[PDB]
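One chain comes next, on its own, written out as structure tokens in the form deposited in one PDB entry.
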């Protein structure tokens, strides 16, 4: 009952760190990892993919999206540009992912005082895009597990409908 989940977004927002915090629970300043969780009383294996710093030289590959049922769009709350770029990522993902894939918006680095994107702004963009929103901190381990459990539950719902 594997669930393929992708982390997408501008380089530098903290994608690889969120994944490391979730699987290993660590932070420090074969492109996937596995972690098994329980969903509605059933063991679910999450196959979590990390871009491998390749979003800097070319668009996401086809086989990358193949089988992906969850796609997490991440931006940096301290970097306006990465937030503005979310619309482009959303477009790219929609023009290539399965029609039933569930998306989720994550505003990362909520621990930083240098924040320039407010929670209200993130919530507003998520609403406009029609997807759930979560603010996290891979550094302080804030809401990281929630990202994956929230997304996994939404995916389990689509599968059963």
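Only residues modelled in both forms are compared. Residue numbers count along the first chain shown, from 1. Between two forms, the rigid core is the largest collection of C-alphas that superpose within 1.5 Å.
Not pictured, yet referred to below: the form deposited in another entry.
The only C-alpha among 98, 92, 121, 54 that moves by 2 Å or more between the shown form and the other one, given a superposition on the rigid core, is that of 54.
In that other deposited form, the Cα atoms of residue 60 and residue 134 sit 3 Å or more farther from each other than they do here. Whereas the shown form places them at one spacing, the Cα atoms of residue 15 and residue 55 lie at least 3 Å farther apart in that other deposited form. Listed alone, the one run of 3 or more residues present in both forms whose C-alphas shift by at least 2 angstroms between the shown form and the other one, with the core superposed, is 52-63.
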